[PDB]
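Number of protein chains: 2
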Amino acid sequence: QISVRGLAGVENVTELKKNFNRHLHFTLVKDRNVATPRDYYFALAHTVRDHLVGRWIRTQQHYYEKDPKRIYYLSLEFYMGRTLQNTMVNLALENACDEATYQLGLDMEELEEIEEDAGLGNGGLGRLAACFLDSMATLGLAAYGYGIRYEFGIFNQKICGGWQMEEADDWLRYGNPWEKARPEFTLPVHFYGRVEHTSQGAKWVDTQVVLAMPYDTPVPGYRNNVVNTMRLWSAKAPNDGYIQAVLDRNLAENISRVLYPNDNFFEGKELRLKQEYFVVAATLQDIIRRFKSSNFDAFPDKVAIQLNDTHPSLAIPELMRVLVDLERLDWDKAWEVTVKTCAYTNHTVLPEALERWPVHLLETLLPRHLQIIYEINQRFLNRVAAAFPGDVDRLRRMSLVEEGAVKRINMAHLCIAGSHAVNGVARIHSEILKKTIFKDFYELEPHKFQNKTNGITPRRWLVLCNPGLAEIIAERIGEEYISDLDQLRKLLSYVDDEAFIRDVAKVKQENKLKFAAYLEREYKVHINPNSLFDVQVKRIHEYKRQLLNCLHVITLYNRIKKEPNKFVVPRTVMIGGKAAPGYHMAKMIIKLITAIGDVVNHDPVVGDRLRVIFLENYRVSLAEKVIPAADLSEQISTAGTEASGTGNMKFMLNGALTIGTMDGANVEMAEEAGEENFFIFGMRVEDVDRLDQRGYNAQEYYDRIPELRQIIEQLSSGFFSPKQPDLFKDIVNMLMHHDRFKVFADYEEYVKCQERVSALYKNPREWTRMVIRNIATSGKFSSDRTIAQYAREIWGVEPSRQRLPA
Amino acid sequence: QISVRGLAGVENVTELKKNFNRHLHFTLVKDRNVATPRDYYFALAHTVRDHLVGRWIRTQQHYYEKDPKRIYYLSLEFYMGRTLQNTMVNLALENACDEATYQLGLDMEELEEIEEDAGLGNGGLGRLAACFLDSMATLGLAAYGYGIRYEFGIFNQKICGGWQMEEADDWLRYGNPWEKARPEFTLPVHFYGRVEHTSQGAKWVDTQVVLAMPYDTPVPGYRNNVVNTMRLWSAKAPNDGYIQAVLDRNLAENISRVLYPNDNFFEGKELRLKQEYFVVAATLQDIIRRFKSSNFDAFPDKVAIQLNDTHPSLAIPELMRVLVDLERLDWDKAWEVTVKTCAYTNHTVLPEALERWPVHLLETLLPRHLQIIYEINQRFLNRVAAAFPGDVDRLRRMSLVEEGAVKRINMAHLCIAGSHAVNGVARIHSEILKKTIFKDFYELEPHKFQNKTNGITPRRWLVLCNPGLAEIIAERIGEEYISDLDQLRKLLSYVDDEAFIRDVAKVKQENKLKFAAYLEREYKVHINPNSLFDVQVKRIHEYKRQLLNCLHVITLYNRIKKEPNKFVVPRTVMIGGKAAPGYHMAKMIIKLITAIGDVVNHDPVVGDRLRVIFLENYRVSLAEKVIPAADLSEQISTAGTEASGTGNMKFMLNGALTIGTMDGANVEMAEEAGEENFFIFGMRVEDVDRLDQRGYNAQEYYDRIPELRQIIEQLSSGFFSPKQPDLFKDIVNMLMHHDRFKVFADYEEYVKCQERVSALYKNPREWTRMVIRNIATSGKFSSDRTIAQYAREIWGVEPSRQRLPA
Ligand SMILES: O=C1NC(c2ccccc2)=N[C@@]12O[C@H](CO)[C@@H](O)[C@H](O)[C@H]2O
Ligand SMILES: O=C1NC(c2ccccc2)=N[C@@]12O[C@H](CO)[C@@H](O)[C@H](O)[C@H]2O
Ligand SMILES: *Cc1c(COP(=O)(O)O)cnc(C)c1O
Ligand SMILES: *Cc1c(COP(=O)(O)O)cnc(C)c1O
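Protein chains in written order, with the working numbering: chain A, 1153 to 1958; chain B, 1153 to 1958.
This is the structure in structure tokens:
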């Protein structure tokens, strides 16, 4: 149909049809009279998966022959989404499969919707891991993603009476055709026990054994015939009254049962620590086994381990344990190897998110690792003492061990000490690390600290989710940009091209019609497709300030009511996201959003000027639908709180304008497109600090802004909760007395800036010209650029766009 | 190689090799440089499974078109064993696959050994279900096996220091290629709740829901291109703090987690009752759904439900519940349908094995079913009262409800009342049912009571496990006997044929050499292959009198020691079996067996005249090895205790002579072969009763038999337990004061009879002639005969040996 989806060759199509019918008959054990649409999806999945296999086997064989340095991306989260369409795109099979399925009388798009998201992540961090895997494969790196195969990913979200309900995401119910179990690579992991010191050295004894069974999922590079591996571990009980013993095996296997959904507040839960050690222990054994199939001085020349936040920080003490206790290297040599091998990416500055494990917990579960951490801490603090003699305060601040109520291990401190490289994930965030929370460590080892601004894969996030936009771009500048996104700059030469302006606006309107229909179908309510689509989709957090958005929405409503017969640019305000299940305020915000919607969407006087929709069950596959449909991207975190963000980049790439704060990668986005092409508002980081020094008094804003005072009175008095007048008292009280994120401080500038958006939207041609200026400068935010920087500046390997043989 | 294994056609072999390599590449995702022998087994399994699929799909399609009456074999146990070889035999693919694998440089026999037993049964009852499925497919019946897919089957047995240790049988670890999940046929099962009586009728409300997900396994008939289905249900939690809720899903799924291994003593465990209801509820919904795809008056013309003992007895109240509460039939009509549909097979008379569920348990878990059982009981006892006016004692004895300490439901009583047919499983057992435990029910409804003597499938139990014996038979009389075993009588005309005598003895010696080697390899100890192979393999039970065997073995030892320099026919005594994990005495017997072995096998004076071996982990695949190797079959249960036995039949078919009591099917076996061709000894049933009336005094035997007294002194004094002198005090005490199975009463006759065995073994030619007389009359004990009798006399359908198209 469209060229960027590849060729439909006569042989190819005939072949695909033959294989499809073969899998239907032999794999599914069905005839065409009894096949459910799910059967058809599965037949297609196996058929496509068949085209991966030779490439997978040869890629892994190639790495054995060439023995390149290997990259191990260690993460607790991989937010993969659906695999079928992505696999077809990267193998150039999409048009052939569309044709082959069409000829069998099937609509491929319908079959794609049957596939479950692999929702093995919470949000940004998990998705970043998934985008990185795609880029690593595309750049021909010998890279492996290592994580946990959770039986249950992020919960499915239902709204009942405006409230979030959580449902178990039973994603494996119907089987996963993408994965291959490898029971023959099963490895023991040890817990509890105690340490004996002998003549030979320390020995970890009387441990409990849990087994780690790997499942491998293929990761295809973009049309380079490279297929890398994602290895996820599953917990299995070892095989050594009777009934209960059998049933008790469940306890060991609980380790890999369920993704922890608390992306706000670190809770030191034992099961979570078990997960962290489990993935680390199984992975390092695998790494070392592979390393030996070809003396540890060469280890860092053959192995890079990237730590996705502190979640796999125990990689550092575990590697020491294996090198010292099992391989019998002396400490210093062992340590040298560890530091040159390991590198740490920090993904937050919010202090309640930092992992600070109680010592008593580590003492019980991982006694040997605690010993090793104490030894690391001692040697580290000896280096600090030597560098800064007398600075006792510095010693306390930098210690891996935090004193107080309960002793804790600061895992971030452990990571900086045990890594040759520490990076943030946007320039402003990496600066804040060096100025504030890791200033002491920076002063000791300035050379360790880097920036690696985040990116998104243009495969999933353009070609896949927005084929029409991809096509009209390819019509002008060819297809090379898909793996070299900087080529998008060539679109600057089309900013005054009348036909390209027409094409860009047509695609957007088509995406909106498509999504408007999807709303009506799956969640039956009607929306004006000619309205401005104002979307904020991301996890629900106070710092991301969905509440600021709520205030703006109520302002528009109050203005309409006041002057009903006046023109306003009509809007559909769409807000979506999951709240962590124990995060009360986030749950109240969702409820407030739906409460506003109930009022606004049923007011006769508003009509279709204003609509407020809560998008249920925001996940990767919903993002692929709504982001192409968006006009305005809401990136309105308080300055200094969003480490980078990545949604921001998805929208830029897909033809929406951004309203946002100078936070995270927004700063670099505005810099690339020019500030005049970006709706910047609010406090800078410096402003927030100035406010904090003199003290944030929210009352001041309530007193001086009549519009704001009206909103707060409405919330209080039950305007938005008639049957429950005081439902939102927690929200008002927080906004008035305990608002860490200074919602009121940015209110005035946000509303003024939102007016400028409405003003520009009134001018289709100039809106679309501004869009082109955004799309055309979004190249920097390709994860290909990000990974190329990791490769050259941290891992010490060169990327490649050269094909492997087919 | 041998003709009964089929043809190796040039196309066939080339095809199999092609498919094998295809599955290795695409299904296993391996090349030949990294393939483990397990990969090769899996590739072969998929290849063979591919030849089942068209036949499976067409068979099920045929049943839809023809809409024959359908047989539902309801069992908690299916002891299937390995599927690969059996599938090849029944599809005639064995020689082709042997050749195809050979040419790929693989030994098929080695690949077969990688397959795990599907050990979803304890022993005789479970295996009978598996033999029945094979016969039902072979006789072209529209039959379905319905059970539970246990995650863990019968435990693996290890002997440590002579003691049984149990290990979880994790049979699904590496996947099951034989099964096909059918998640789209998932069905709810309800538990707990309470009953509301409305205007419409009774309503079962506030229940907990567990889901039942079916897995279908193909059941190929012998070269008739029929493939029936075995459907096994798996428990899955329904999909409607957070972490713990997710983890708690395990509790629902515990229902299908593990096979109950207590084949001796009924324990009223709730989890066991959950299993029984779970299989019954899911199955009846499936039955009814199928019935509707084509008014319930016709139900019994389209449906037969066979109950494998009382384990699925709740089928009767469940069917009433659905007909009355959900379909709104009146009671009488509902009842008529139920009785004409259901039929009950009894498989024991030992009173501690009968299922007698506490009322309080049923009350809580299945409140509605208890109501229905009480109504059944009332109507039933009204019929008894009318038939036998004034016989109040009869009323008490026949009640479904037993009074006493705790009220119980007698499930056997429920089965007789709710079934149109009740059968035993050997003539003597069916007589005992009518004379003793169900005499009252027989007097009421004489027409219900039948015999259906058990059988074994000659496919697994001759062709598969003993190809050489199958071949030399086929050389004389052709292959038709494999599905018509009565043809074996034609071998009577070869009893004086010198060459056939030679062939029969050669095959036996080859089987012994083969098994002797297997011992040395897998469990490193040496055995004289020219000794008489004396084997007793079966679950460890007091009633099966492994202890009597132990006494004989110690007698032979004591006789050798007394007269060391005298000739005795050398023997290898092999005893194997699992004890139920809580069955103390059975665990002591295993220990005694190994204790005897430790003494006998290390005595220099004994040499290789006598060896005692405990066969570890007796299971279906070990039976296929040891039974063809046996000379003497030990079937020595106390008269009246073994309902039938089926091991007995396996050995008869495979060229061993039987020493046994007139118990179970032994009676019919001796009758078929002639008593002069059978080593019969001991009390008849009548003798046991005469002893019981005057009282069993074991002391009497100890006083009068010096040889026996010596054995008891040895056991007591620690002759067989030096470091633990009183280890076997429980065994002695039981034998002397509390022996329900009268071991001493049969001792003298057993030893004399064992001498006659030794005497005949001394004469190879006459031994072998006697063997021929056994093999030649074993035809009756084909499960084909058994199932044909069920079909005609209970189910009301005609068997067929006609082929379906290929
Ligand atoms: O999405 C994110 N989750 C976490 C995080 C959550 C819990 C504990 C630790 C970190 N950090 C985040 O990483 C993304 C990827 O770098 C950034 O784009 C986000 O700004 C940042 O919020
Ligand atoms: O092997 C058997 N197990 C049980 C049984 C076990 C527990 C509860 C109820 C029954 N009955 C048996 O059924 C076989 C098949 O009919 C008979 O050959 C055996 O003689 C008989 O012992
Ligand atoms: C990209 C993405 C995120 C991260 O979005 P931010 O706006 O950076 O928080 C979260 N969830 C999903 C499903 C995504 O696709
Ligand atoms: C046939 C068989 C049994 C039943 O044997 P009996 O001697 O009748 O008790 C038990 N277990 C296995 C593995 C079998 O193959």
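Think of the CB as a built atom: it goes at the ideal place given N, C-alpha and C, for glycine as much as any other residue.
Determine the chain B residues that contact residue i at a beta-carbon separation under 8 Å, and present them in chain order.
i	result
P1413 (chain A)	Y1394
Tell me, to the nearest whole angstrom, how far the beta carbon of residue i is from that of residue j; I am working on the premise that it is less than 8 Å.
i	j	result
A1781 (chain A)	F1685 (chain A)	6 Å
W1509 (chain A)	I1561 (chain A)	5 Å
residue 2021 (chain B)	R1375 (chain B)	Missing from the structure shown is residue 2021 (chain B); chain B here goes from 1153 to 1958 and no further.
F1893 (chain A)	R1697 (chain A)	6 Å
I1584 (chain B)	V1501 (chain B)	6 Å
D1415 (chain B)	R1691 (chain B)	6 Å
With a threshold of 8 Å between beta carbons, is residue i in contact with chain A?
i	result
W1356 (chain B)	no
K1332 (chain B)	yes
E1336 (chain B)	yes
For residue i, would you say it is in contact with chain B, using Cβ-to-Cβ distances shorter than 8 Å as the test?
i	result
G1278 (chain A)	no
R1190 (chain A)	yes
If I measure Cβ to Cβ from residue i and keep anything under 6 Å in the same chain, skipping five residues before and after, which residues do I get?
i	result
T1724 (chain A)	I1679, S1683, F1685, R1763
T1253 (chain B)	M1260
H1565 (chain B)	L1552
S1582 (chain B)	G1576, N1603
Give the residues of chain A in contact with residue i, contact being defined as C-beta atoms less than 7 Å apart.
i	result
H1177 (chain B)	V1205
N1391 (chain B)	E1319, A1320, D1322
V1200 (chain B)	Within chain A, no residue comes near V1200 (chain B); the closest Cβ sits about 12 Å away, beyond 7 Å.
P1780 (chain B)	None at all; the shortest Cβ gap to chain A is about 30 Å.
Using the beta-carbon of each residue, which ones in chain B are nearer than 9 Å to residue i?
i	result
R1937 (chain A)	Within chain B, no residue comes near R1937 (chain A); the closest Cβ sits about 32 Å away, beyond 9 Å.
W1208 (chain A)	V1181
Got a sec? Which residues, its chain only, sit under 8 Å from residue i by beta carbon, not counting five neighbours each side?
i	result
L1513 (chain B)	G1420, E1422, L1425
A1958 (chain A)	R1207, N1377
List the residues of chain A that residue i touches, going by C-beta distances under 8 Å, in chain order.
i	result
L1399 (chain B)	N1406, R1409, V1410
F1304 (chain B)	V1398
At the 8 Å Cβ level, is residue i part of the contact set with chain C, yes or no?
i	result
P1733 (chain B)	In the structure shown, chain C does not exist; the protein chains are A and B.
Residue i versus chain B: which residues are under 7 Å apart at the beta carbon?
i	result
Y1326 (chain A)	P1335
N1402 (chain A)	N1402
Please return the same chain residues whose Cβ sits closer than 7 Å to the Cβ of residue i, not counting the five positions on each side in sequence.
i	result
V1923 (chain A)	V1656, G1807, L1809
message: Going residue by residue through the stretch 1228-1286 of chain A, where are the continuous alpha helix (DSSP H) segments of at least 4 residues, counting only ones entirely within it?
response: 1236-1243, 1246-1255, 1260-1264
message: Which residues end up in the neighbourhood of ligand 6 when you take C-beta atoms closer than 6 Å to any of its heavy atoms?
response: This structure simply doesn't include ligand 6; it includes ligand 1, ligand 2, ligand 3 and ligand 4 instead.
- prompt: Along the chain, which unbroken stretches of the beta strand (DSSP E) at least 3 residues long are found entirely within the stretch 1579-1662 of chain A?
  reply: 1601-1603
message: Give the list of continuous alpha helix (DSSP H) stretches no shorter than 4 residues that lie fully inside the stretch 1481-1517 of chain B.
response: 1483-1493, 1511-1517
query: Curious, which full-length beta strand (DSSP E) runs of at least 3 residues does the stretch 1416-1483 of chain A contain?
result: 1455-1460
field: Length-filtered (3 minimum) beta strand (DSSP E) runs lying within the stretch 1739-1778 of chain B
entry: 1762-1767
- request: Kindly provide the ranges of any beta strand (DSSP E) runs that are 3 or more residues long and lie completely inside the stretch 1792-1857 of chain B, ordered along the chain.
  value: 1809-1812
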